[PDB]
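Chemist: This structure is in structure tokens; I'll ask about it shortly.
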Amino acid sequence: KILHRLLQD
Amino acid sequence: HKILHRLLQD
Amino acid sequence: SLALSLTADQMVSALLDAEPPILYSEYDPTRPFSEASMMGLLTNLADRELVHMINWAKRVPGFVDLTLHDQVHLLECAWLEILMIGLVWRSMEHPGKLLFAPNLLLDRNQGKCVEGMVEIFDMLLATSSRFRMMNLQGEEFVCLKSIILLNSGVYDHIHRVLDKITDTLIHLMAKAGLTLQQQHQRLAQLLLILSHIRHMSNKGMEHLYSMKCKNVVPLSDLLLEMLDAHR
Amino acid sequence: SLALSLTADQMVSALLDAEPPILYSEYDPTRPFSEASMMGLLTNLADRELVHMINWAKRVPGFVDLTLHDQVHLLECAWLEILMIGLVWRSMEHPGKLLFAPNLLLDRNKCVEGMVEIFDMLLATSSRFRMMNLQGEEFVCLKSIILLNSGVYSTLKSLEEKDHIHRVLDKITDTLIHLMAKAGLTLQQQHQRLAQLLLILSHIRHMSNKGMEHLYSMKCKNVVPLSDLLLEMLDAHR
Ligand SMILES: CC(C)Cn1nc(-c2ccc(O)cc2O)c2cccc(C(F)(F)F)c21
Ligand SMILES: CC(C)Cn1nc(-c2ccc(O)cc2O)c2cccc(C(F)(F)F)c21
């Protein structure tokens with residue numbers, strides 16, 4: 001999940 | 001002509 | 001425009017007296033679990049409520065000052081929102097349930113039998129719960145409903161009337177003993193819910209359209225013309 | 001939870017500080033565009049803005065206190081509304097035009113079919129901001145409200161997170177009223193302005209919903225390029 005990953009970064 | 005147009009008239 | 005010369009109490013009285021009645025569904029003992037039976041009952045209900053909504057709108061201060069075309073535009077834009085806010089209002093005392101009519105209480109278990117409906121049901125239920133937890137008052141409700149009528153299609157008279165309704169909402173909260181701080185916080189909370197009501201209307205409108213396509217349930221000419229306006 | 005303990009002025013400076021940058025489009029006057037190419041400019045632009053929106057969101061007080069799943073939900077729900085209010089804000093001083101990017105300023109004249117009405121709606125919204133003389137301090141508050149509000153409606157957990165969002169929302173309301181009071185508005189003018197501002201979010205939700213509908217339409221027509229992220233965002237609404 002792209003958004004999920006970006007949020008974690 | 002719309003039904004609405006008619007209903008909105010007294 | 002008479003609207004602007006009303007006191008807060010007069011505005012509230014006007015709005016209370018304009019209230020449309022609470023309508024009943026067909027009196028069959030059958031709980032709908034099918035797309036056909038549920039849509040049958042909801043469209044007939046909406047059909048009959050629309051006629052009352054129209055004559056209610058005419059009694060909203062400031063509304064009748066608009067040209068006929070503008071009146072048409074506002075109702076075409078707002079009608080489902082208006083039906084929905086009424087729905088969640090009367091559903092307040094029935095947690096977990098949607099009271100489309102006194103003889104038509106639906107739970108999410110029935111909405112989950114119609115494709116892509118359970119989502120909107122859950123949103124309606126959450127909005128109802130929200131109104132319940134806020135102790136929403138009938139006088140506040142009618143202000144909110146009128147705000148929807150005037151705001152949703154509004155794209156100077158309308159703006160001034162809308163300001164007047166805001167004054168009226170504040171008046172009511174002040175009359176209920178709320179502090180100035182609680183007043184502006186409560187105003188914000190109520191107004192933010194209008195965005196959710198708008199969201200639910202739009203998703204609902206898409207649903208109505210798919211029914212017009214999928215057919216099966218005949219739609220009134222009025223409903224068709226309303227739907228057609230959102231397209 | 002920091003946010004709860006920020007003063008109104010602290011809240012505002014925090015929000016101002018977190019403002020995302022204004023990105024450029026790939027518009028080129030010497031290059032021909034189709035209706036689809038034109039839209040490609042906007043989807044491409046939107047895709048790039050999303051990464052910055054994610055960073056901005058983390059700097060909105062209270063947001064980082066949320067679970068990761070709740071954060072993604074809010075952004076999935078609110079992203080287009082947030083792009084749109086940003087658009088409307090930077091377009092204020094361009095009557096009759098929308099400033100998608102500094103190198104992409106458009107009047108209503110390659111809008112497909114029905115897209116034009118959304119365009120008119122954004123125009124209307126912008127001129128609405130212009131007539132109110134919307135202030136940046138107000139703008140950033142409104143934008144933070146969209147983020148927290150547009151997706152808020154089992155466990156709790158769940159219920160517990162909701163209340164915290166509500167608390168943050170009350171805070172931003174206090175901040176708005178504080179800004180207005182400082183600006184010299186009477187109490188009546190404060191409540192009215194607050195209401196005028198919040199009712200505009202209804203129209204912004206509406207424009208967002210219509211936009212999403214067209215976005216799904218473009219995916220199906222499969223001509224205008226949509227990023228993998230925009231696709232995923234789109235799926236969330238469906
Ligand atoms: C999720 C649905 C209950 C929304 N809805 N609500 C209603 C509805 C009917 C009466 C009322 O008082 C309030 C309503 O929301 C409705 C009516 C016709 C069609 C629909 C449809 F599903 F297509 F969106 C209606
Ligand atoms: C102006 C309209 C093209 C609406 N719009 N605006 C934007 C948009 C893009 C960037 C931005 O900063 C602000 C925007 O409103 C947009 C993006 C993707 C899709 C659409 C769509 F047409 F489908 F609704 C978008």
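Every chain in the structure tokens takes a letter, A first, then B, and so on in the order presented; its residues are numbered from 1, and the ligands are numbered from 1 following the presented order.
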As a quick test: using only C-alpha atoms and all ligand atoms, which residues lie no more than 8 Å away from ligand 1? Give them as a PyMOL selection string.
Modeler: chain C and resi 39+42-46+49+80-87+100-101+111+117-121+124+200-201+203-209+211
Chemist: Could the residues in this selection be saved with C-alpha atoms as a PDB file, in the first residue's frame?
Modeler:
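So result-v3.pdb came out as:
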```pdb
ATOM      1  CA  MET C  39     -35.965   0.477  -3.138  1.00  0.00           C
ATOM      2  CA  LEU C  42     -37.752   4.135  -0.189  1.00  0.00           C
ATOM      3  CA  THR C  43     -38.685   5.676  -3.541  1.00  0.00           C
ATOM      4  CA  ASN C  44     -42.420   5.723  -2.726  1.00  0.00           C
ATOM      5  CA  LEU C  45     -41.584   7.332   0.604  1.00  0.00           C
ATOM      6  CA  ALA C  46     -39.229   9.875  -0.973  1.00  0.00           C
ATOM      7  CA  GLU C  49     -42.047  13.420   1.135  1.00  0.00           C
ATOM      8  CA  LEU C  80     -31.608  14.127  -0.822  1.00  0.00           C
ATOM      9  CA  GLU C  81     -29.516  15.957   1.805  1.00  0.00           C
ATOM     10  CA  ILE C  82     -32.763  17.232   3.261  1.00  0.00           C
ATOM     11  CA  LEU C  83     -34.372  13.793   3.267  1.00  0.00           C
ATOM     12  CA  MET C  84     -31.257  12.358   4.855  1.00  0.00           C
ATOM     13  CA  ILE C  85     -30.932  14.922   7.664  1.00  0.00           C
ATOM     14  CA  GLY C  86     -34.591  14.288   8.489  1.00  0.00           C
ATOM     15  CA  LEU C  87     -33.824  10.573   8.488  1.00  0.00           C
ATOM     16  CA  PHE C 100     -37.205   5.826   7.415  1.00  0.00           C
ATOM     17  CA  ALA C 101     -40.766   5.828   8.782  1.00  0.00           C
ATOM     18  CA  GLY C 111     -28.720  -2.706   3.997  1.00  0.00           C
ATOM     19  CA  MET C 117     -25.676   0.098   0.388  1.00  0.00           C
ATOM     20  CA  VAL C 118     -24.330  -0.975   3.764  1.00  0.00           C
ATOM     21  CA  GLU C 119     -21.655   1.710   3.471  1.00  0.00           C
ATOM     22  CA  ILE C 120     -24.173   4.560   3.308  1.00  0.00           C
ATOM     23  CA  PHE C 121     -26.327   2.947   5.990  1.00  0.00           C
ATOM     24  CA  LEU C 124     -26.265   7.492   8.299  1.00  0.00           C
ATOM     25  CA  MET C 200     -23.855  10.878   1.911  1.00  0.00           C
ATOM     26  CA  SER C 201     -26.232  12.604  -0.516  1.00  0.00           C
ATOM     27  CA  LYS C 203     -23.022   8.667  -2.742  1.00  0.00           C
ATOM     28  CA  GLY C 204     -26.767   8.142  -2.401  1.00  0.00           C
ATOM     29  CA  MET C 205     -27.356   9.960  -5.680  1.00  0.00           C
ATOM     30  CA  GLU C 206     -24.942   7.592  -7.438  1.00  0.00           C
ATOM     31  CA  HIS C 207     -26.942   4.677  -5.997  1.00  0.00           C
ATOM     32  CA  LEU C 208     -30.207   6.113  -7.272  1.00  0.00           C
ATOM     33  CA  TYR C 209     -28.651   6.455 -10.702  1.00  0.00           C
ATOM     34  CA  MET C 211     -31.143   1.863 -10.044  1.00  0.00           C
TER      35      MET C 211
END
```
Chemist: Select the residues contacting ligand 2 at a distance of at most 9 Å, based on only C-alpha atoms and all ligand atoms, then format the selection as a short mmCIF file (atom, residue, chain, number, x, y, z; two decimals) with C-alpha atoms, in the first residue's frame.
Modeler:
```
data_model
loop_
_atom_site.label_atom_id
_atom_site.label_comp_id
_atom_site.auth_asym_id
_atom_site.auth_seq_id
_atom_site.Cartn_x
_atom_site.Cartn_y
_atom_site.Cartn_z
CA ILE D 22 3.63 25.21 -4.62
CA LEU D 23 4.66 22.81 -7.38
CA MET D 39 -5.88 16.39 -17.77
CA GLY D 40 -2.56 14.54 -17.64
CA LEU D 41 -0.98 17.78 -16.47
CA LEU D 42 -3.39 17.87 -13.55
CA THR D 43 -3.17 14.19 -12.55
CA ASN D 44 0.62 14.29 -12.83
CA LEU D 45 0.68 17.48 -10.73
CA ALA D 46 -1.72 16.00 -8.19
CA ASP D 47 0.43 12.88 -7.91
CA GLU D 49 1.58 17.13 -4.53
CA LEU D 80 -8.80 15.79 -3.39
CA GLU D 81 -10.64 18.20 -1.08
CA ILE D 82 -7.24 19.33 0.15
CA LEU D 83 -5.82 19.83 -3.35
CA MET D 84 -8.99 21.72 -4.25
CA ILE D 85 -8.93 24.15 -1.33
CA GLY D 86 -5.26 24.76 -2.09
CA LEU D 87 -6.23 25.47 -5.69
CA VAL D 88 -9.01 27.84 -4.65
CA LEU D 98 -7.77 28.80 -11.76
CA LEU D 99 -4.07 28.75 -10.91
CA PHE D 100 -3.27 25.04 -10.89
CA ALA D 101 0.43 25.93 -11.00
CA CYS D 111 -12.40 20.94 -20.34
CA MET D 115 -15.66 18.74 -16.07
CA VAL D 116 -16.42 22.38 -16.88
CA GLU D 117 -19.08 22.61 -14.15
CA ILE D 118 -16.62 21.50 -11.46
CA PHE D 119 -14.30 24.08 -12.95
CA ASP D 120 -17.02 26.72 -12.57
CA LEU D 122 -13.97 25.94 -8.12
CA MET D 207 -16.59 19.25 -5.71
CA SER D 208 -14.40 16.48 -4.37
CA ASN D 209 -17.16 13.86 -4.78
CA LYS D 210 -17.84 14.94 -8.35
CA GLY D 211 -14.12 14.94 -9.12
CA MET D 212 -13.74 11.39 -7.85
CA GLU D 213 -16.57 10.34 -10.14
CA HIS D 214 -14.73 11.78 -13.15
CA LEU D 215 -11.47 10.26 -11.93
CA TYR D 216 -13.06 6.82 -12.00
CA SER D 217 -14.31 7.70 -15.48
CA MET D 218 -10.81 8.52 -16.70
CA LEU D 226 -2.93 8.01 -13.55
CA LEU D 230 -3.72 8.01 -7.52
#
```
Chemist: Please provide as number ranges by chain all residues within 8 Å of residue C:47, with the sequence filter that same-chain residues fewer than 3 positions apart are discarded (counting only C-alpha atoms).
Modeler: C: 43-44, 50-51, 220, 222-223
Chemist: At a cut-off of 10 Å, using only C-alpha atoms, what residues contact residue A:7? Leave out same-chain residues fewer than 4 positions from it and give the result as number ranges by chain.
Modeler: A: 2-3; D: 51, 54-55, 57-58, 64, 68-69, 71-72, 75
Chemist: Write the selection just made, keeping N, CA and C atoms, as an mmCIF file, in the first residue's frame?
Modeler:
```cif
data_model
loop_
_atom_site.group_PDB
_atom_site.id
_atom_site.type_symbol
_atom_site.label_atom_id
_atom_site.label_comp_id
_atom_site.auth_asym_id
_atom_site.auth_seq_id
_atom_site.Cartn_x
_atom_site.Cartn_y
_atom_site.Cartn_z
ATOM 1 N N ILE A 2 0.865 1.975 -1.122
ATOM 2 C CA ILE A 2 1.758 3.115 -1.298
ATOM 3 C C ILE A 2 1.606 4.151 -0.192
ATOM 4 N N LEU A 3 0.388 4.645 -0.009
ATOM 5 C CA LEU A 3 0.137 5.667 0.998
ATOM 6 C C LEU A 3 0.620 5.217 2.373
ATOM 7 N N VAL D 51 2.745 13.594 -2.130
ATOM 8 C CA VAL D 51 3.868 13.277 -1.265
ATOM 9 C C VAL D 51 4.066 14.409 -0.269
ATOM 10 N N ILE D 54 1.237 14.403 2.398
ATOM 11 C CA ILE D 54 1.534 13.442 3.451
ATOM 12 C C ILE D 54 2.443 14.036 4.524
ATOM 13 N N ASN D 55 3.466 14.780 4.107
ATOM 14 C CA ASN D 55 4.386 15.401 5.060
ATOM 15 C C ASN D 55 3.711 16.507 5.839
ATOM 16 N N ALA D 57 0.524 16.678 6.449
ATOM 17 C CA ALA D 57 -0.445 16.060 7.351
ATOM 18 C C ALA D 57 0.201 15.656 8.678
ATOM 19 N N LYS D 58 1.402 15.090 8.613
ATOM 20 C CA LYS D 58 2.107 14.677 9.825
ATOM 21 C C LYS D 58 2.409 15.867 10.740
ATOM 22 N N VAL D 64 -0.452 12.929 14.025
ATOM 23 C CA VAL D 64 0.559 11.901 14.231
ATOM 24 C C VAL D 64 0.241 11.050 15.459
ATOM 25 N N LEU D 68 -1.713 4.321 12.264
ATOM 26 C CA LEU D 68 -1.350 4.401 10.855
ATOM 27 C C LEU D 68 -2.551 4.160 9.947
ATOM 28 N N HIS D 69 -3.392 3.192 10.299
ATOM 29 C CA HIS D 69 -4.573 2.880 9.499
ATOM 30 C C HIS D 69 -5.568 4.037 9.482
ATOM 31 N N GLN D 71 -4.700 7.213 9.905
ATOM 32 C CA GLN D 71 -4.067 8.261 9.117
ATOM 33 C C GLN D 71 -4.293 8.045 7.624
ATOM 34 N N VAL D 72 -4.117 6.814 7.149
ATOM 35 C CA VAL D 72 -4.299 6.554 5.719
ATOM 36 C C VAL D 72 -5.752 6.773 5.314
ATOM 37 N N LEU D 75 -6.532 10.460 4.833
ATOM 38 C CA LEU D 75 -5.907 10.995 3.624
ATOM 39 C C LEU D 75 -6.579 10.471 2.359
#
```
Chemist: How close does chain D get to chain C? List, as a Markdown table, each residue of chain D within 6 Å, its nearest atom pair and the distance in Å to one decimal, counting only C-alpha atoms.
Modeler:
```
| residue | atom | partner | partner_atom | distance |
| --- | --- | --- | --- | --- |
| D:170 | CA | C:185 | CA | 5.9 |
| D:192 | CA | C:163 | CA | 5.6 |
| D:202 | CA | C:195 | CA | 4.4 |
```
Chemist: Once you count only C-alpha atoms, what closest atom pair and distance in Å to one decimal does each residue of chain C within 10 Å of chain B have, with rows by chain and rising residue number, as JSON lines?
Modeler:
```
{"residue": "C:50", "atom": "CA", "partner": "B:4", "partner_atom": "CA", "distance": 9.8}
{"residue": "C:51", "atom": "CA", "partner": "B:7", "partner_atom": "CA", "distance": 7.6}
{"residue": "C:54", "atom": "CA", "partner": "B:8", "partner_atom": "CA", "distance": 6.6}
{"residue": "C:55", "atom": "CA", "partner": "B:8", "partner_atom": "CA", "distance": 7.4}
{"residue": "C:57", "atom": "CA", "partner": "B:8", "partner_atom": "CA", "distance": 9.0}
{"residue": "C:58", "atom": "CA", "partner": "B:8", "partner_atom": "CA", "distance": 7.6}
{"residue": "C:64", "atom": "CA", "partner": "B:8", "partner_atom": "CA", "distance": 9.5}
{"residue": "C:68", "atom": "CA", "partner": "B:5", "partner_atom": "CA", "distance": 7.2}
{"residue": "C:69", "atom": "CA", "partner": "B:5", "partner_atom": "CA", "distance": 7.7}
{"residue": "C:71", "atom": "CA", "partner": "B:8", "partner_atom": "CA", "distance": 7.9}
{"residue": "C:72", "atom": "CA", "partner": "B:4", "partner_atom": "CA", "distance": 6.4}
{"residue": "C:73", "atom": "CA", "partner": "B:4", "partner_atom": "CA", "distance": 9.6}
{"residue": "C:75", "atom": "CA", "partner": "B:4", "partner_atom": "CA", "distance": 8.6}
{"residue": "C:76", "atom": "CA", "partner": "B:4", "partner_atom": "CA", "distance": 8.6}
{"residue": "C:221", "atom": "CA", "partner": "B:3", "partner_atom": "CA", "distance": 8.0}
{"residue": "C:222", "atom": "CA", "partner": "B:3", "partner_atom": "CA", "distance": 6.3}
{"residue": "C:223", "atom": "CA", "partner": "B:3", "partner_atom": "CA", "distance": 9.8}
{"residue": "C:225", "atom": "CA", "partner": "B:2", "partner_atom": "CA", "distance": 7.2}
{"residue": "C:226", "atom": "CA", "partner": "B:4", "partner_atom": "CA", "distance": 8.5}
```
Chemist: Using DSSP on the backbone coordinates, identify the residues of stretch 34-141 of chain D assigned to strand (DSSP E or B); present them as a VMD selection string.
Modeler: chain D and resid 98 to 101 104 to 106
Chemist: What does the distance from atom CA of residue D:108 to atom CA of residue D:96 come to in Å, to one decimal?
Modeler: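 Atom CA of residue D:108 sits 7.7 Å away from atom CA of residue D:96.
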Chemist: So, counting only C-alpha atoms, which residue among D:130, D:152, D:53, D:197 is closest to chain A?
Modeler: D:53
Chemist: Would you mind writing down, as a ChimeraX atom specification, each residue of stretch 9-188 of chain C that DSSP on the backbone assigns to alpha helix (DSSP H)?
Modeler: /C:9-18,35-57,68-90,108-111,118-133,138-151,157-175,180-188
Chemist: Ranking D:67, D:37, D:103, D:5 by minimum distance to chain A and counting only C-alpha atoms, which one comes first?
Modeler: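 Among the listed residues, the smallest separation from chain A belongs to D:67.
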Chemist: For a test of reading the model, state the distance in Å between atom CA of residue D:3 and atom CA of residue D:139, rounded to one decimal.
Modeler: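 Computed distance, atom CA of residue D:3 to atom CA of residue D:139, equals 18.1 Å.
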Chemist: In Å, rounded to a single decimal, give me how far atom CA of residue D:146 is from atom CA of residue D:91.
Modeler: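 Computed distance, atom CA of residue D:91 to atom CA of residue D:146, equals 18.8 Å.
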